[PDB]
Amino acid sequence: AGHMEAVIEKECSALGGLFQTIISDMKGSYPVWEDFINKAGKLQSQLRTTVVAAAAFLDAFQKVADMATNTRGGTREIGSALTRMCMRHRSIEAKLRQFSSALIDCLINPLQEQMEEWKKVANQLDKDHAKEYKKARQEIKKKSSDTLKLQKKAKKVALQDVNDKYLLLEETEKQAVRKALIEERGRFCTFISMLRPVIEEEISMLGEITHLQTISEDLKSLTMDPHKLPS
Amino acid sequence: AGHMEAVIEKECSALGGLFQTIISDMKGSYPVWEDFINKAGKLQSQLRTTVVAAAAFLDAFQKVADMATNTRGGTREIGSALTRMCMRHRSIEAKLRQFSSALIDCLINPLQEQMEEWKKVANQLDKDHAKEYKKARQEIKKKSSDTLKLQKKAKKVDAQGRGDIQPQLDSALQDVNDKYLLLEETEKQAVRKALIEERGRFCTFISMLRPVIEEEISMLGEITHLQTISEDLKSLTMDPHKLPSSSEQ
């Protein structure tokens, strides 16, 4: 570590420092992504259990509907309407299953796999940059040297080559930063492509709720004046 | 007790039978109702656990959004859009909690308390009917008894109990028929009450179920917002292999 090496390193690293910020950010990100995969996993397992409970509940709901259908007068119409309501909830259950499936198959498992690949890709970006950077450096530590001795034996009575290699390093670093910015953004794009089908299933599941209102109104109509006999 | 009475008798028997059927059907209904309560309880318990797991997931999702938000260029916009997605999901989570609460407050617990009161009311309707039926038969027995008195004292046609006793005997027989009709009316009203109670049980159930379904229906308002945010996310993640104009500074 000399004075000439400090000056040179002060020049170079000023160029390639945004790179290290992006890289450091990516390398520090994994615990956040890991906790996400963990909590998503725990939600999906809980949704699977809820689906099983929902299906058993709907079996019992249907038995209640059947019981009304097997009474006599106006109670038979109540039963048919309860049956409709049960069928509508079964459709909602089937979409919840598809939502739960997309959550594990489209998001959790793929994000988990993508994780080790992200770590390897960031390691390599960092490694390759380090290489290009420090050979670029040592080659300009070497050209400033040649210029030093050439300037101290000419005053007893190459400079452009140093300048070349600095503009050279400027565009190297520019390209490395472009590459890191694409990888950084790309991780989120990838994550969002995985998220998309999960949210589509959620929208499809919610959309099945539109059929409940008509049935609830019918049930309301069929249960007016419970103190007297209908027609 | 002649032809007309025997006809009424069989209607009373049909009605009496129908009343006992309705009472028996009500009495045998409880295992189905109890199974429904049990399974609604089991679902509500899992929904409670789901809502906690959903909130923890959303906390993690928001940390991911924060991470993107605090990077550079277009990735910051992606973070902002992800935050909009996460906040909209907090609204869905809230509605899920409301549905879970309504399921227990409006349906499971009320239905559970209702069981014993349904049993008491059905049993009382049965006992009231038996009491009224007994009285009606007694009335028929008493008038058929007098018509036996009259009819035995009418066989003595030697005191001209024919222009005087026969009008009496005609009315005595009429009164008997009156009592049979009264029994029939008692049976018809018993059936009516039993039918009303049978239907009323399902009316009660529906009244408990409807506010639960209302909380579910309230989730329709969320859909348009998920659609818009998902279109924004798609637009923000175009050409992942390339730098967006937003990242070129």
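Take the residues of region B:116-125 that are of a type outside the set (G, A, S) and buried (at least 17 other Cβ atoms within 10 Å of the Cβ): which is farthest from the chain's Cα centre (by Cα)?
B:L125
Of everything in region A:18-30 that's of a type in the set (S, T, N, Q) and within 12 Å of chain B (Cβ to nearest Cβ), which residue is surrounded by the most Cβ atoms within 10 Å (Cβ to Cβ)?
A:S29
So, B:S91, is that one over 24 Å from the mean Cα position of the chain (by Cα) and either exposed (fewer than 15 other Cβ atoms within 10 Å of the Cβ) or more than 9 Å from chain A (Cβ to nearest Cβ) (or both) or not?
yes
Please name all residue pairs, on different chains or six or more residues apart, with Cβ atoms under 7 Å, provided the first residue is in region B:31-46 and is more than 8 Å from every other protein chain (Cβ to nearest Cβ) and the second residue is crowded, with 17+ Cβ neighbours inside 10 Å and of a type outside the set (D, E).
B:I37/B:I108; B:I37/B:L111; B:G41/B:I108; B:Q44/B:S100; B:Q44/B:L103; B:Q44/B:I104; B:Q44/B:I108
Is there a residue being assigned to a helix (DSSP H, G or I), hydrophobic (A, V, I, L, M, F, W, C) and under 30 Å from B:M26 (Cα atoms) anywhere in region B:127-149?
Yes - at least one qualifying residue is present in region B:127-149.
For region B:223-233, enumerate the residues that are facing chain A (nearest Cβ under 7 Å) and of a type outside the set (G, A, S).
Matches in region B:223-233: B:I223, B:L226, B:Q227, B:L233.
Would you confirm, using the coordinates I've provided, whether B:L15 is facing another protein chain (nearest Cβ under 8 Å) and buried (at least 18 other Cβ atoms within 10 Å of the Cβ)?
no
Of the residues A:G41, A:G79, which is surrounded by fewer than 21 Cβ atoms within 10 Å (Cβ to Cβ) and under 21 Å from A:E200 (Cα atoms)?
A:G41
Here are some residues: A:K135, A:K149, A:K156, A:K179. Which one is surrounded by fewer than 13 Cβ atoms within 10 Å (Cβ to Cβ) and within 40 Å of the chain's Cα centre (by Cα)?
Within the list A:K135, A:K149, A:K156, A:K179, the selection yields A:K135.
Name the single residue, out of those in region A:59-86 being more than 8 Å from every other protein chain (Cβ to nearest Cβ) and in contact with a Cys (Cβ under 6 Å, 6 or more places away or on another chain), that is farthest from B:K39 (Cα to Cα).
A:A65
Given B:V51, B:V7, which one is more than 8 Å from chain A (Cβ to nearest Cβ) and surrounded by 14 or more Cβ atoms within 10 Å (Cβ to Cβ)?
Selected residue: B:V51, the only one of B:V51, B:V7 that is more than 8 Å from chain A (Cβ to nearest Cβ) and surrounded by 14 or more Cβ atoms within 10 Å (Cβ to Cβ).
Looking at region A:199-222, is at least one residue of a type in the set (G, A, S), assigned to a helix (DSSP H, G or I) and at the interface with chain B (Cβ under 7 Å from one of its Cβ atoms)?
Yes: region A:199-222 contains one or more residues that are of a type in the set (G, A, S), assigned to a helix (DSSP H, G or I) and at the interface with chain B (Cβ under 7 Å from one of its Cβ atoms).
Just wondering, is there one or more residues in region A:200-223 that are over 18 Å from B:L220 (Cβ atoms) and in contact with a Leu (Cβ under 7 Å, 6 or more places away or on another chain)?
No, there is no match, as no residue in region A:200-223 is over 18 Å from B:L220 (Cβ atoms) and in contact with a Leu (Cβ under 7 Å, 6 or more places away or on another chain).
Residues are listed down the side, and each one gets a yes or a no for (1) within 37 Å of the chain's Cα centre (by Cα); (2) among the hydroxyl-bearing types (S, T, Y); (3) buried (at least 19 other Cβ atoms within 10 Å of the Cβ):
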site	(1), (2), (3)
B:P167	no, no, no
B:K188	yes, no, no
B:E198	yes, no, yes
B:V212	yes, no, yes
B:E216	yes, no, yes
B:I223	yes, no, no
B:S230	no, yes, yes
B:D239	no, no, no
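Could you look through region B:159-198, keep only residues that are aliphatic (A, V, I, L, M) and either outside any helix (DSSP H, G or I) or within 12 Å of chain A (Cβ to nearest Cβ) (or both), and pick out the one that is nearest to B:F99 (Cα to Cα)?
Ranking the qualifying residues of region B:159-198, first place goes to B:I196.
Right, B:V157: aliphatic (A, V, I, L, M), out of contact with any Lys or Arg (no Cβ under 7 Å at 6 or more places or on another chain) and more than 30 Å from B:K42 (Cβ to Cβ) or not?
yes
Every residue, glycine as well, gets a Cβ built from its backbone with ideal geometry; the counts of neighbours run over all protein chains shown. A short reminder: the numbers here are calculations on the coordinates, not readings from a lab.
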